[PDB]
file model-v8.pdb (PDB, C-alpha atoms)
MODEL        1
ATOM      1  CA  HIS R 897     -17.879  -5.625 -11.849  1.00  0.00           C
ATOM      2  CA  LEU R 898     -15.620  -5.641 -14.924  1.00  0.00           C
ATOM      3  CA  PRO R 899     -16.719  -5.134 -18.617  1.00  0.00           C
ATOM      4  CA  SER R 900     -20.185  -5.530 -20.159  1.00  0.00           C
ATOM      5  CA  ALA R 901     -22.242  -8.289 -18.475  1.00  0.00           C
ATOM      6  CA  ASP R 902     -23.167 -10.040 -21.793  1.00  0.00           C
ATOM      7  CA  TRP R 903     -19.442 -10.914 -22.013  1.00  0.00           C
ATOM      8  CA  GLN R 904     -19.729 -12.468 -18.514  1.00  0.00           C
ATOM      9  CA  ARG R 905     -22.960 -14.213 -19.617  1.00  0.00           C
ATOM     10  CA  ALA R 906     -21.123 -15.718 -22.614  1.00  0.00           C
ATOM     11  CA  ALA R 907     -18.369 -16.830 -20.197  1.00  0.00           C
ATOM     12  CA  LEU R 908     -20.736 -18.422 -17.670  1.00  0.00           C
ATOM     13  CA  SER R 909     -23.014 -20.003 -20.340  1.00  0.00           C
ATOM     14  CA  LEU R 910     -19.878 -21.645 -21.801  1.00  0.00           C
ATOM     15  CA  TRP R 911     -18.611 -22.653 -18.326  1.00  0.00           C
ATOM     16  CA  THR R 912     -22.058 -24.199 -17.577  1.00  0.00           C
ATOM     17  CA  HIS R 913     -22.680 -25.938 -20.949  1.00  0.00           C
ATOM     18  CA  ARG R 914     -22.571 -29.756 -20.696  1.00  0.00           C
ATOM     19  CA  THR R 915     -20.492 -30.318 -23.868  1.00  0.00           C
ATOM     20  CA  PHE R 916     -17.818 -28.041 -22.296  1.00  0.00           C
ATOM     21  CA  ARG R 917     -17.849 -30.386 -19.246  1.00  0.00           C
ATOM     22  CA  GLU R 918     -17.431 -33.403 -21.576  1.00  0.00           C
ATOM     23  CA  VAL R 919     -14.572 -31.566 -23.397  1.00  0.00           C
ATOM     24  CA  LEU R 920     -12.934 -31.170 -19.946  1.00  0.00           C
ATOM     25  CA  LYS R 921     -12.552 -35.028 -19.600  1.00  0.00           C
ATOM     26  CA  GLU R 922     -10.447 -35.958 -22.696  1.00  0.00           C
ATOM     27  CA  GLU R 923      -7.572 -33.940 -21.343  1.00  0.00           C
ATOM     28  CA  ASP R 924      -4.322 -32.910 -22.747  1.00  0.00           C
ATOM     29  CA  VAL R 925      -6.164 -29.659 -21.831  1.00  0.00           C
ATOM     30  CA  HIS R 926      -6.008 -30.248 -18.031  1.00  0.00           C
ATOM     31  CA  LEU R 927      -4.212 -26.905 -17.485  1.00  0.00           C
ATOM     32  CA  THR R 928      -1.027 -28.259 -15.920  1.00  0.00           C
ATOM     33  CA  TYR R 929       0.398 -26.566 -12.860  1.00  0.00           C
ATOM     34  CA  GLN R 930       3.463 -25.625 -14.952  1.00  0.00           C
ATOM     35  CA  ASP R 931       1.278 -24.409 -17.843  1.00  0.00           C
ATOM     36  CA  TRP R 932      -0.676 -22.107 -15.521  1.00  0.00           C
ATOM     37  CA  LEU R 933       2.712 -20.915 -14.177  1.00  0.00           C
ATOM     38  CA  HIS R 934       3.992 -20.079 -17.631  1.00  0.00           C
ATOM     39  CA  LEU R 935       0.774 -18.020 -17.984  1.00  0.00           C
ATOM     40  CA  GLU R 936       0.773 -16.242 -14.563  1.00  0.00           C
ATOM     41  CA  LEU R 937       4.451 -15.399 -14.886  1.00  0.00           C
ATOM     42  CA  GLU R 938       3.618 -13.124 -17.837  1.00  0.00           C
ATOM     43  CA  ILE R 939       1.213 -10.675 -16.137  1.00  0.00           C
ATOM     44  CA  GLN R 940       3.297  -7.688 -14.951  1.00  0.00           C
ATOM     45  CA  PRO R 941       2.105  -5.753 -11.829  1.00  0.00           C
ATOM     46  CA  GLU R 942       1.094  -2.853 -14.115  1.00  0.00           C
ATOM     47  CA  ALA R 943      -2.406  -3.823 -15.500  1.00  0.00           C
ATOM     48  CA  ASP R 944      -3.524  -6.779 -13.408  1.00  0.00           C
ATOM     49  CA  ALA R 945      -7.361  -6.403 -13.479  1.00  0.00           C
ATOM     50  CA  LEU R 946      -7.191  -7.226  -9.745  1.00  0.00           C
TER      51      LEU R 946
ATOM     52  CA  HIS C 897      32.751  23.189 -17.873  1.00  0.00           C
ATOM     53  CA  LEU C 898      29.929  23.755 -20.419  1.00  0.00           C
ATOM     54  CA  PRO C 899      29.907  21.249 -23.278  1.00  0.00           C
ATOM     55  CA  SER C 900      26.580  20.194 -24.906  1.00  0.00           C
ATOM     56  CA  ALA C 901      28.005  16.640 -25.284  1.00  0.00           C
ATOM     57  CA  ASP C 902      25.835  13.730 -24.183  1.00  0.00           C
ATOM     58  CA  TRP C 903      24.494  13.276 -20.691  1.00  0.00           C
ATOM     59  CA  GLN C 904      26.465  10.222 -19.622  1.00  0.00           C
ATOM     60  CA  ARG C 905      29.806  11.925 -20.180  1.00  0.00           C
ATOM     61  CA  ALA C 906      28.385  15.134 -18.714  1.00  0.00           C
ATOM     62  CA  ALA C 907      27.060  13.579 -15.479  1.00  0.00           C
ATOM     63  CA  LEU C 908      30.058  11.359 -14.743  1.00  0.00           C
ATOM     64  CA  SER C 909      32.485  14.191 -15.542  1.00  0.00           C
ATOM     65  CA  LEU C 910      30.543  16.212 -13.006  1.00  0.00           C
ATOM     66  CA  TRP C 911      30.587  13.389 -10.421  1.00  0.00           C
ATOM     67  CA  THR C 912      34.386  13.237 -10.755  1.00  0.00           C
ATOM     68  CA  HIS C 913      34.618  17.013 -10.213  1.00  0.00           C
ATOM     69  CA  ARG C 914      36.372  18.044  -6.974  1.00  0.00           C
ATOM     70  CA  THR C 915      34.173  21.023  -6.031  1.00  0.00           C
ATOM     71  CA  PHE C 916      31.142  18.788  -6.203  1.00  0.00           C
ATOM     72  CA  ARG C 917      32.968  16.450  -3.767  1.00  0.00           C
ATOM     73  CA  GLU C 918      33.407  19.522  -1.502  1.00  0.00           C
ATOM     74  CA  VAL C 919      29.684  20.307  -1.806  1.00  0.00           C
ATOM     75  CA  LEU C 920      29.030  16.735  -0.719  1.00  0.00           C
ATOM     76  CA  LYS C 921      30.656  17.521   2.711  1.00  0.00           C
ATOM     77  CA  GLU C 922      28.329  20.423   3.781  1.00  0.00           C
ATOM     78  CA  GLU C 923      25.151  18.385   4.015  1.00  0.00           C
ATOM     79  CA  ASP C 924      21.597  18.911   4.452  1.00  0.00           C
ATOM     80  CA  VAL C 925      22.135  17.001   1.210  1.00  0.00           C
ATOM     81  CA  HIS C 926      23.727  13.574   1.940  1.00  0.00           C
ATOM     82  CA  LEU C 927      20.519  11.767   1.110  1.00  0.00           C
ATOM     83  CA  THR C 928      19.119  10.112   4.252  1.00  0.00           C
ATOM     84  CA  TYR C 929      17.759   6.585   3.995  1.00  0.00           C
ATOM     85  CA  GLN C 930      14.307   8.167   4.171  1.00  0.00           C
ATOM     86  CA  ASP C 931      15.242  10.725   1.518  1.00  0.00           C
ATOM     87  CA  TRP C 932      16.267   7.888  -0.727  1.00  0.00           C
ATOM     88  CA  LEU C 933      12.845   6.380  -0.065  1.00  0.00           C
ATOM     89  CA  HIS C 934      10.868   9.574  -0.697  1.00  0.00           C
ATOM     90  CA  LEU C 935      12.426   9.680  -4.166  1.00  0.00           C
ATOM     91  CA  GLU C 936      12.322   5.908  -4.693  1.00  0.00           C
ATOM     92  CA  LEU C 937       8.794   5.050  -3.798  1.00  0.00           C
ATOM     93  CA  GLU C 938       7.206   7.267  -6.390  1.00  0.00           C
ATOM     94  CA  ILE C 939       8.652   5.328  -9.317  1.00  0.00           C
ATOM     95  CA  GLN C 940       6.183   2.952 -10.875  1.00  0.00           C
ATOM     96  CA  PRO C 941       7.456  -0.470 -11.960  1.00  0.00           C
ATOM     97  CA  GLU C 942       5.605  -0.154 -15.316  1.00  0.00           C
ATOM     98  CA  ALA C 943       7.743   2.557 -16.778  1.00  0.00           C
ATOM     99  CA  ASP C 944      11.337   2.455 -15.573  1.00  0.00           C
ATOM    100  CA  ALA C 945      14.953   3.083 -16.579  1.00  0.00           C
ATOM    101  CA  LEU C 946      15.987  -0.231 -15.036  1.00  0.00           C
TER     102      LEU C 946
ENDMDL
END
call {"tool": "encode", "arguments": {"input": "model-v8.pdb", "output": "structure tokens"}}
result
Amino acid sequence: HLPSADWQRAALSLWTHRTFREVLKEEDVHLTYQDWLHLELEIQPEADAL
Amino acid sequence: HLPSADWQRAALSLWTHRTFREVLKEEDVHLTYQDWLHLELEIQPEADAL
């Protein structure tokens, strides 16, 4: 779909790596609902990638 | 009147002007709801005055 597939491969290899899974359990990094909102609020409807 | 003063003063001075009020009585020009739309829709949100 979107830019060069080695970038996507980096993304998915990191998403799949076990140590990343273990990092996702000692969580101040749980991506709070409000945190995600403070992110999503920022994207204007100009260049959305979607 | 023809001054080269700035546009804000120019436009509002014009809008005050009587003969323009008289022009705004003989209307294929009174800006139908759909006319308003056919101008409005084409603005993008990305660039805008407001």
call {"tool": "calpha_fit_and_write", "arguments": {"input": "model-v8.pdb", "fixed": "chain C", "moving": "chain R", "output": "compact mmCIF listing (two decimals) with C-alpha atoms, in the frame of the given file"}}
result
# COMPACT_ATOMS: atom_id res chain seq x y z
CA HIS R 897 24.47 5.77 -23.99
CA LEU R 898 21.70 8.21 -23.01
CA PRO R 899 21.35 11.90 -24.15
CA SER R 900 24.01 14.24 -25.56
CA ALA R 901 27.48 13.58 -24.08
CA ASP R 902 28.12 17.28 -23.15
CA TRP R 903 25.32 16.79 -20.58
CA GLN R 904 27.27 13.78 -19.21
CA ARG R 905 30.47 15.88 -19.32
CA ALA R 906 28.76 18.59 -17.24
CA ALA R 907 27.63 15.85 -14.82
CA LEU R 908 31.07 14.25 -14.48
CA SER R 909 32.96 17.60 -14.32
CA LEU R 910 30.65 18.57 -11.43
CA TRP R 911 31.03 15.13 -9.78
CA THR R 912 34.85 15.47 -10.08
CA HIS R 913 35.21 19.15 -9.01
CA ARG R 914 36.94 19.55 -5.62
CA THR R 915 34.54 22.22 -4.26
CA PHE R 916 31.70 19.70 -4.87
CA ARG R 917 33.66 17.20 -2.70
CA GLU R 918 34.02 19.86 0.03
CA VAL R 919 30.26 20.63 -0.26
CA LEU R 920 29.68 16.89 0.34
CA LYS R 921 31.22 17.15 3.91
CA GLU R 922 28.99 19.79 5.61
CA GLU R 923 26.03 17.49 5.31
CA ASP R 924 22.42 17.91 5.94
CA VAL R 925 22.74 16.88 2.25
CA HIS R 926 23.96 13.31 3.00
CA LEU R 927 21.08 11.79 0.99
CA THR R 928 19.46 9.81 3.79
CA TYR R 929 18.35 6.25 3.14
CA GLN R 930 14.74 7.39 3.72
CA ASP R 931 15.21 10.45 1.47
CA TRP R 932 16.46 8.26 -1.39
CA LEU R 933 13.44 6.00 -0.72
CA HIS R 934 11.00 8.86 -0.97
CA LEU R 935 12.67 9.57 -4.35
CA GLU R 936 12.83 5.99 -5.75
CA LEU R 937 9.26 5.31 -4.71
CA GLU R 938 8.08 7.93 -7.23
CA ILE R 939 9.47 6.42 -10.46
CA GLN R 940 6.69 4.28 -12.00
CA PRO R 941 7.70 1.22 -14.13
CA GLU R 942 6.57 3.13 -17.25
CA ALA R 943 9.57 5.43 -18.17
CA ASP R 944 12.46 4.20 -16.05
CA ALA R 945 15.50 5.07 -18.25
CA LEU R 946 16.80 1.60 -17.29
call {"tool": "resolve_selection", "arguments": {"input": "model-v8.pdb", "expression": "the PyMOL selection byres ((chain C) within 10 of (chain R))", "output": "list in words"}}
result
residues 940, 941, 942 and 943 of chain C
call {"tool": "atom_distance", "arguments": {"input": "model-v8.pdb", "atom1": "CA of residue 912 in chain C", "atom2": "CA of residue 897 in chain C"}}
result
12.3 Å
call {"tool": "atom_distance", "arguments": {"input": "model-v8.pdb", "atom1": "CA of residue 910 in chain R", "atom2": "CA of residue 933 in chain R"}}
result
23.9 Å
call {"tool": "axis_aligned_box", "arguments": {"input": "model-v8.pdb", "around": "range 915-932 of chain R", "padding_each_side": "8 Å", "output": "AutoDock Vina command-line options"}}
result
--center_x -8.5 --center_y -29.0 --center_z -18.4 --size_x 40.0 --size_y 29.9 --size_z 27.0
call {"tool": "atom_distance", "arguments": {"input": "model-v8.pdb", "atom1": "CA of residue 906 in chain R", "atom2": "CA of residue 936 in chain R"}}
result
23.3 Å
